[PDB]
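Chains as they are written, first to last, in the entry's author numbering: chain D, 1 to 121; chain F, 1 to 38, 49 to 444; chain E, 1 to 38, 49 to 444; chain J, 1 to 428; chain A, 1 to 428.
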Amino acid sequence: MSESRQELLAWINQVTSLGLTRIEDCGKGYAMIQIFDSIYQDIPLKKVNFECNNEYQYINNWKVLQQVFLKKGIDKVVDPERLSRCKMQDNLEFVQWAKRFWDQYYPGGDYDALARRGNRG
Amino acid sequence: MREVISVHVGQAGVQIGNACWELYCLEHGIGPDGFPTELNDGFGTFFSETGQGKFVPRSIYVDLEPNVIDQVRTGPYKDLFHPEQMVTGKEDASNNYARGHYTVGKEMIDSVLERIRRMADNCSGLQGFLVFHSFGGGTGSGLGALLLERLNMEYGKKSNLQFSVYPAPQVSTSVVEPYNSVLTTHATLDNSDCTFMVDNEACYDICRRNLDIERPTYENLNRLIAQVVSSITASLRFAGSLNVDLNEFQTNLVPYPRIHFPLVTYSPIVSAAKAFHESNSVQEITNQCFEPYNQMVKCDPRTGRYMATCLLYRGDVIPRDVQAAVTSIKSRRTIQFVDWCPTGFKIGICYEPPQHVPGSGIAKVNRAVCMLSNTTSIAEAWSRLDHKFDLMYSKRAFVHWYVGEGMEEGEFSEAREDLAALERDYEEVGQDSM
Amino acid sequence: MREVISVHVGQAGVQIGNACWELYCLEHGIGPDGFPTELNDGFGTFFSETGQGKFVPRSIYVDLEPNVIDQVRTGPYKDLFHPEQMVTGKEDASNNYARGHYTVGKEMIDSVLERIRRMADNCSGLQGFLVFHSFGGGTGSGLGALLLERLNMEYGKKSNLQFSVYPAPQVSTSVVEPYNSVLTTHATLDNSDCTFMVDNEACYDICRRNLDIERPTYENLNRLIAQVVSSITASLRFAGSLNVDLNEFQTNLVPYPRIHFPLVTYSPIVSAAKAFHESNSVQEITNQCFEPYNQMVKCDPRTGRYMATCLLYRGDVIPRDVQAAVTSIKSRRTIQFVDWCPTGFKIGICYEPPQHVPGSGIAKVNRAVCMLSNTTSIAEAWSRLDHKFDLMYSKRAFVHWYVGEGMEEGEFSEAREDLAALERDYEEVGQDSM
Amino acid sequence: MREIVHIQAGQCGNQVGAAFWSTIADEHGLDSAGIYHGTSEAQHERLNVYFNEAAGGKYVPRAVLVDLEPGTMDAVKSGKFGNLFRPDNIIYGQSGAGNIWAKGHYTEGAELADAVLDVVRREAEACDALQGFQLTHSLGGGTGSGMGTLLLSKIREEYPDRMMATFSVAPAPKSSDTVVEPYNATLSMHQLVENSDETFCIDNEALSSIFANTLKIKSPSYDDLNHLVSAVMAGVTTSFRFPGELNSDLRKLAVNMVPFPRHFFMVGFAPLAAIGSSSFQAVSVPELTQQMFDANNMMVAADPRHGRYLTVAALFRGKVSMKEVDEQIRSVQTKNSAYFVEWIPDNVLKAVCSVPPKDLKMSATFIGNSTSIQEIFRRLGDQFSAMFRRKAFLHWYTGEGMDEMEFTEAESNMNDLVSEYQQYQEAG
Amino acid sequence: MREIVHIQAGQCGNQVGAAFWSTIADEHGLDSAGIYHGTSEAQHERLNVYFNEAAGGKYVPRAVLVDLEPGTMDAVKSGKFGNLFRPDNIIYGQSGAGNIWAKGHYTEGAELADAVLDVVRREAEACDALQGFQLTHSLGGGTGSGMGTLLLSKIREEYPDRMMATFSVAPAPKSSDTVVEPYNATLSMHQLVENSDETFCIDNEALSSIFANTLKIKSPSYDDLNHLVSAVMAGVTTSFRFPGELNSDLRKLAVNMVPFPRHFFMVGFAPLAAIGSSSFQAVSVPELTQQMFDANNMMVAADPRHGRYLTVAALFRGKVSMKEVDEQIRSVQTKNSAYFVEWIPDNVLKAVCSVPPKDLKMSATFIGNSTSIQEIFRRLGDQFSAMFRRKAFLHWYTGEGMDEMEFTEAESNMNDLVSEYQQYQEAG
Ligand SMILES: Nc1nc2c(ncn2[C@@H]2O[C@H](COP(=O)(O)OP(=O)(O)OP(=O)(O)O)[C@@H](O)[C@H]2O)c(=O)[nH]1
Ligand SMILES: Nc1nc2c(ncn2[C@@H]2O[C@H](COP(=O)(O)OP(=O)(O)OP(=O)(O)O)[C@@H](O)[C@H]2O)c(=O)[nH]1
Ligand SMILES: Nc1nc2c(ncn2[C@@H]2O[C@H](COP(=O)(O)OP(=O)(O)O)[C@@H](O)[C@H]2O)c(=O)[nH]1
Ligand SMILES: Nc1nc2c(ncn2[C@@H]2O[C@H](COP(=O)(O)OP(=O)(O)O)[C@@H](O)[C@H]2O)c(=O)[nH]1
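And the structure:
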């Protein structure tokens with residue numbers, strides 16, 4: 001049923017090709033938005049910042065998904081303030097939830113966002 | 001002394017002020033006969059006092075009926091005004107713009123424009139002036155649009171605010187509300203600095219639920235609009251915490267000179283038994299002021315994105331409960347975006363508690379919120395008009411009674427055209443890319 | 001502040017709360033008008059207080075009759091609730107699942123779901139929420155199963171407890187209790203975290219012997235179920251000795267996500283003259299709580315083997331008399347085995363003495379026990395249903411009045427099928443070998 | 001000055017403070033108000049251990065009372081002794097732990113760990129020289145069993161020279177609390193053995209035997225239970241915290257005990273009597289030594305007669321010689337010579353402290369080592385593995401973030417312990 | 001005698017007077033009535049700084065409270081302390097500023113600038129020797145953000161030797177006032193850097209964190225907010241305004257700090273506690289130093305852990321040694337050695353002042369420099385430029401007399417600052 005940290009961390013290292021040491025960098029993000037571009041392909045990657053370890057500034061980067069959830073319509077509330085704390089109790093069941101979205105919506109093909117964002121330049 | 005004057009044209013503009021000045025007299029301890037008193051600067055704010063101690067409400071009244079105006083001198087405020095300021099008209103042809111504009115209402119103007127003049131000859135600190143009319147009126151739509159266009163021709167840089175009221179999406183009061191309302195947004199486009207408009211059927215929709223009265227009247231709708239007035243004006247007439255001037259709105263609501271149609275959201279509006287069994291804290295109010303149940307204008311501000319919004323708070327308010335609330339609105343999905351202001355707010359704090367008139371069924375509260383919201387959706391009632399008004403003009407229905415009163419249809423040719431740029435302006439702001 | 005909210009759907013769910021909140025108001029010194037007081051955190055547990063000092067019972071009421079709901083505003087608790095939270099329905103077609111689910115009850119949901127929302131906007135420490143309905147209801151079975159399936163769709167990980175009541179082995183209240191009850195365990199299977207259910211005819215069986223009243227009523231059955239509620243909830247709302255959270259149950263009762271139907275056993279329930287001439291020590295109670303005379307559900311828990319059971323004690327309790335008692339139950343033949351837990355218990359201690367309401371014939375006691383027992387026998391009332399429900403469906407009896415309200419019989423095709431896996435699950439746990 | 005900073009975790013893991021701290025104040029002559037009232041000048045020269053000095057004599061207890069749920073935390077706040085602890089060190093979360101281990105170890109403590117370590121760091125470097133840290137918690141629950149272990153492994157990853165010493169309480173053989181109490185016990189031991197040195201094991205049910213068998217009270221409560229096992233936390237520092245003739249410290253009580261990195265041993269008191277059983281004796285070291293022999297004066301629910309004594313340290317306080325212990329230890333090591341370990345001749349440690357406790361002329365604290373502490377873990381292990389066969393209650397752990405085979409590892413971790421204690425039961 | 005003439009601007013720029021002036025009177029033993037009531041003889045020899053002597057002991061505060069709108073100006077007039085300031089220096093216009101910068105900078109202040117300078121000139125040459133000028137205002141508004149800057153550039157064009165020192169308050173990262181608050185911030189920095197030396201940056205939202213995180217009050221108001229950040233205006237002159245052992249001045253606090261003409265750095269207090277958190281400590285320099293380390297005791301909404309300390313000056317008052325600071329500064333500069341700038345070994349400045357404040361035995365004032373003050377301006381710059389892409393609200397500026405490309409220049413002025421702080425974050 002559910003998945004631990006043990007499988008999921010290299011699982012999210014796979015489909016994003018990121019050097020994700022611990023899951024709490026999804027406390028910022030950079031991978032949850034890189035879940036959806038593996039399906040929807042329309043996400044404007046130049047709308048998010050890349051370094052942005054500055055939580056007061058980061059709150060711009062949560063809402064960029066709220067256009068993505070708008071145009072495809074999945075009704076989950078996103079409360080970014082404890083999400084942006086880079087702390088657990090929300091980030092797991094936000095990524096346990098986004099692999100409940102893993103169920104049917106893949107076309108199977110790869111989606112190289114490492115090549116899409118200009119090699120993270 | 002940072003003072004401003006409020007004109008009243010149209011039968012709406014009559015009865016609106018009859019709630020506004022009632023609130024004004026109760027918000028300073030003014031007896032209804034003008035002879036008051038059964049802050050320091052407060053005791054002489056809207057009022058050019060005489061040494062007798064009674065004082066003139068700095069207003070004017072414009073109507074071409076003697077009907078509703080003479081109800082005041084019959085009514086209990088018979089000593090409040092003075093019979094120069096209260097200029098009537100002996101005859102009328104209302105619901106007729108282009109003779110209320112171009113034939114019959116123009117004969118009052120030179121009498122009106124003199125009374126604007128001497129009241130501007132005492133108010134040393136002048137902050138523009140305030141305009142009340144309706145769109146459902148003929149002459150208030152008629153003379154009102156004519157009223158601005160010479161005053162802003164005179165006064166140049168001075169401030170021009172107006173609280174309007176437009177014909178509903180569902181219930182009209184007259185058939186001319188396509189015709190002799192939608193053209194008046196021509197002259198008031200480039201003569202009103204900012205403007206505000208509100209719906210009856212939306213305000214009635216509040217009355218059946220938040221006021222819970224099956225059969226309300228105009229007067230209760232008059233009282234509800236009236237506190238929005240004193241939430242803006244008398245806030246600078248009271249020594250608050252972060253003071254908000256009249257001039258701050260017109261520079262904190264428009265990125266562009268056309269886009270000056272915000273919303274109104276006033277809250278808490280709470281019935282008698284509803285205030286009991288309830289604590290309305292400040293974030294309990296602000297979570298209601300973004301929900302459509304306290305919404306003044308029957309539109310869809312949920313769907314559109316918000317642009318920029320100033321807020322005004324009355325009573326006992328801390329800014330920490332503001333920032334704890336307002337950081338939750340910007341987090342929440344029910345707004346999505348501004349692109350052109352990454353903040354999109356203006357916060358203002360005045361200490362004066364919300365005034366509670368005795369007669370109506372509104373209930374007393376120790377904190378208040380007024381909301382002026384610019385959005386990417388408010389042009390749909392304008393698009394309601396374009397669905398309506400272009401259909402009437404697809405038959406040419408009493409163009410004669412726009413012609414025979416003295417104006418060709420070239421402005422009706424211009425009518426949807428300026429409306430089309432208004433629709434074009436919101437999709438222009440709707441452009442949100444790189 | 002570790003707070004939770006209780007919904008009330010169904011005419012059972014009406015009158016159940018009318019005993020539950022009565023107990024709640026007496027267990028904190030709350031006057032019946034809401035304005036109270038003729049622990050520290052205790053004085054604000056179930057209650058989002060206003061500064062007036064009276065406070066809202068954090069509940070809701072859902073019914074499609076205006077009949078029984080308006081008895082409250084006639085009744086003595088007329089100031090307790092508030093007339094937003096108490097949402098009624100103007101018309102009803104009850105005993106009809108698939109229009110109480112799919113036609114008529116769904117029109118209330120958007121009004122209901124808003125009132126779930128704002129009450130979740132003050133309760134900062136939220137522990138899921140509590141659900142009351144019946145199976146003997148139509149709409150409480152109907153809207154209730156619909157109520158969970160969007161809330162658990164919204165709230166995800168949040169807790170979902172429900173105290174249900176099912177149609178007896180011997181006395182029905184309606185013929186639809188095969189039909190418009192046994193399907194509702196579909197939606198409540200995968201939306202209720204844990205659940206609990208109880209029998210009238212078993213609870214009536216207690217009334218003729220342990221209460222010794224020939225002609226009881228619903229109200230006395232309402233009072234008996236109600237203390238089981240506060241034995242679970244208000245135990246964490248009081249500073250006990252070994253505190254028991256709501257979340258502890260749903261992790262100490264299910265080895266598997268389906269098996270969440272425990273028993274209820276409440277004791278001592280002792281009549282007026284019976285408390286005299288008697289000392290009910292703690293092991294005197296626990297030797298009764300495994301005997302079928304205080305048993306809430308008319309089944310055979312003797313024959314089946316027990317699985318895992320949490321216990322809750324109120325009042326003046328030592329753990330030594332627990333362990334002296336509980337080592338005798340595990341020795342005794344009247345239980346035989348668990349295979350899957352060689353301990354099979356959860357012990358919990360709260361100091362608050364058992365509250366004794368004045369009106370009914372229940373007697374006061376200085377110690378209390380609540381029992382939540384999982385077993386290998388409780389599926390027989392389910393097997394009673396399979397004996398009943400598959401017989402009605404062997405004739406297709408007003409399938410039209412399941413069809414004409416807007417649902418095909420594919421769920422009735424699914425009805426026994428999910429029931430068959432429930433029967434298959436207890437023999438699956440009945441598998442006890444190597 | 002050889003000082004300790006104190007850490008609690010869990011509900012009853014916080015309940016032990018009042019039995020600890022009101023005694024150690026009373027052992028040091030100190031009131032409820034914190035301000036000083038002491039008789040002798042003997043109780044000052046090592047007062048600095050469990051106390052940070054304050055302005056105006058307040059003498060704050062260096063402690064951090066930690067929990068996940070605010071049920072029982074206010075109870076000692078709103079009760080008496082509400083002015084001893086400084087509330088900056090009182091931290092506690094609100095959401096329930098549900099006493100589930102990885103909920104308390106891995107995730108909800110991680111909501112509170114960021115506030116934990118910034119408390120103990122500024123406490124640490126404000127001390128002169130840390131002697132060690134105390135962790136008192138539960139094995140059975142979730143908050144004390146889980147959150148303190150993750151709390152421990154960060155501290156052991158910060159201070160590798162500083163000694164980590166822990167107290168904990170056992171699952172019961174019969175009087176168990178919950179059904180995941182097997183899982184919590186195994187998962188707690190996976191961090192205790194790997195990180196900290198020493199841990200002691202106290203059965204509540206064997207503690208319930210003490211007032212049953214010895215003091216003869218039918219109905220004690222937990223405020224008598226922790227009150228008894230308080231004084232061994234006094235007893236382990238009894239040698240230390242005020243002068244004497246010989247005494248050593250807990251690090252010196254660490255290196256003497258075990259010949260391996262595998263540290264668990266027993267706890268008992270001396271003397272001990274009932275209400276009316278007080279004056280009918282002659283309280284002395286032969287009275288002390290025989291209440292340092294039975295399993296009845298122990299705490300572990302395991303038989304030393306099934307076991308074998310690896311090493312013994314004895315901690316006396318009062319007027320006491322050596323030869324009164326010497327002739328008496330020799331009187332019992334001879335009749336029970338097979339009960340000792342023949343790897344070590346004379347595994348006895350003697351330590352004599354000076355002043356007596358309240359209203360008792362002598363007192364002794366028992367430290368004896370065993371082979372039969374595997375009798376816990378064998379009783380744990382088949383209590384553990386039988387609840388793994390059907391993956392009992394498994395979704396309340398893997399539904400939170402931990403791999404199931406990580407749970408299988410701690411079984412062998414328990415079996416790695418028993419494999420050594422298999423040998424020294426009968427070898428050599 | 002090394003004296004300062006005081007300048008305020010804007011509504012909240014005038015609100016800070018009462019938190020300033022009632023403290024500096026109380027710091028100098030002076031009542032509401034102006035007439036003298038002081039205990040020691042210690043508080044006179046440097047009393048002449050913020051006060052012009054008067055006839056009959058009145059001791060007028062040398063200040064000029066400046067505003068564009070008469071809303072809040074009468075509030076401190078008609079309230080208490082209405083007899084401290086002399087009303088000749090109370091000037092204020094009537095027409096609203098609309099908090100728009102060039103309306104407040106360029107044109108409406110030019111209605112009032114002619115009355116401004118004839119006030120401060122006759123104040124200046126009546127002083128013995130000016131030590132400097134203080135400007136306290138806002139960055140976000142219009143009156144304080146605009147009119148004081150044009151007011152500044154005339155004074156810096158009159159007194160090129162005299163030091164210009166400014167206090168100002170930041171736009172918030174989240175709790176912003178208005179939407180032109182990006183424009184006002186950029187336009188204010190265009191004059192602060194070019195004319196005056198030093199400016200400090202105080203977030204109200206980080207100030208709101210202080211009573212939230214440290215003092216634990218759910219609902220403070222601004223009269224508690226300015227009351228806290230008052231005492232650093234006391235703290236910067238604490239060294240100066242009455243004797244001590246070592247102390248230097250703000251010009252000596254100017255030349256020591258920055259190796260360039262680019263002057264911005266941080267503000268914090270020591271000590272600090274809650275209501276009930278008062279007596280449970282031992283208030284001392286190790287208590288002082290650790291509330292001179294966290295970002296939590298700072299004012300800037302930027303991380304020193306993201307940054308690097310250029311130079312540090314510390315200003316103590318109370319009975320305090322040096323070695324109690326020396327051993328303690330060395331205890332924290334070693335663990336945080338990468339946090340210092342390796343251009344300068346020992347960028348620490350020590351200054352010890354004598355008398356304590358009210359009811360506190362010690363007090364310290366924090367000055368530390370950073371590289372991460374660019375974290376303001378990067379957060380400003382993209383908050384700025386994104387409201388330039390569509391020329392947001394542009395007609396409320398070019399409709400008043402300023403060219404739009406003049407607004408573009410201040411972007412590079414901000415980017416000229418960041419370009420240096422890009423380097424010394426990681427270089428050398
Ligand atoms: N007096 C009044 N009018 C209202 C109110 N609310 C809405 N209205 C509108 O105000 C309009 C009143 O103007 P008229 O109906 O034309 O009455 P009138 O005297 O002819 O007004 P003029 O055309 O300006 O002369 C109506 O169309 C209504 O739609 C209200 O509360 N009071
Ligand atoms: N009110 C009440 N109902 C009880 C009680 N005990 C059992 N019930 C059952 O609760 C059911 C009540 O629901 P309904 O009979 O359908 O009354 P209703 O208003 O139509 O309820 P809905 O179908 O939910 O609308 C009955 O069938 C009883 O079997 C009780 O003590 N009080
Ligand atoms: N020390 C001590 N432990 C107890 C007592 N009573 C019960 N316990 C054990 O302490 C634990 C109490 O559970 P709890 O503290 O809630 O576990 P938590 O999740 O870590 O907080 C259980 O494992 C009990 O078996 C007591 O009086 N003293
Ligand atoms: N110093 C201070 N500033 C505040 C406070 N509250 C708000 N502010 C800021 O101060 C400014 C108040 O605006 P205002 O004084 O009218 O700007 P002005 O046009 O220069 O007068 C805004 O930028 C607010 O962000 C406060 O309590 N103290």
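Cβ coordinates follow ideal geometry from the N, Cα and C atoms, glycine included.
Asked: Secondary structure of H6/A, DSSP reduced to three states; Found: strand
Asked: Proximity test, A12/E beta-carbon vs ligand 2 heavy atom, cut-off 7 Å; Found: yes
Asked: Any non-hydrogen atom of ligand 4 closer than 7 Å to residue 41/F Cβ; Found: Examination of chain F shows a numbering gap from 38 to 49; residue 41/F is inside it and therefore has no coordinates.
Asked: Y105/D beta carbon near ligand 1 (any heavy atom closer than 7 Å); Found: no
Asked: Distance, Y266/E Cα to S289/E Cα; Found: 40 Å
Asked: Range covered by the beta strand (DSSP E) that runs through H8/F; Found: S6 to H8
Asked: Supposed contact pair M414/A and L380/A - C-beta distance, whole angstroms, cut 8 Å; Found: 7 Å
Asked: Inter-residue Cα distance where the pair is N262/F and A249/F; Found: 21 Å
Asked: Beta-carbon proximity check, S182/F vs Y24/F, cutoff 8 Å; Found: no
Asked: Any C-beta of chain D under 8 Å from that of residue 463/A; Found: Shown here, chain A extends from 1 to 428; a query on residue 463/A therefore has no answer.
Asked: CA-to-CA distance, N195/J to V193/A, given in whole angstroms; Found: 55 Å
Asked: First through last residue of the alpha helix (DSSP H) which encompasses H395/J; Found: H395 to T398
Asked: Any chain D beta carbon closer than 8 Å to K116/E; Found: no
Asked: Heavy atom of ligand 4 within 7 Å of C12/A beta-carbon; Found: yes
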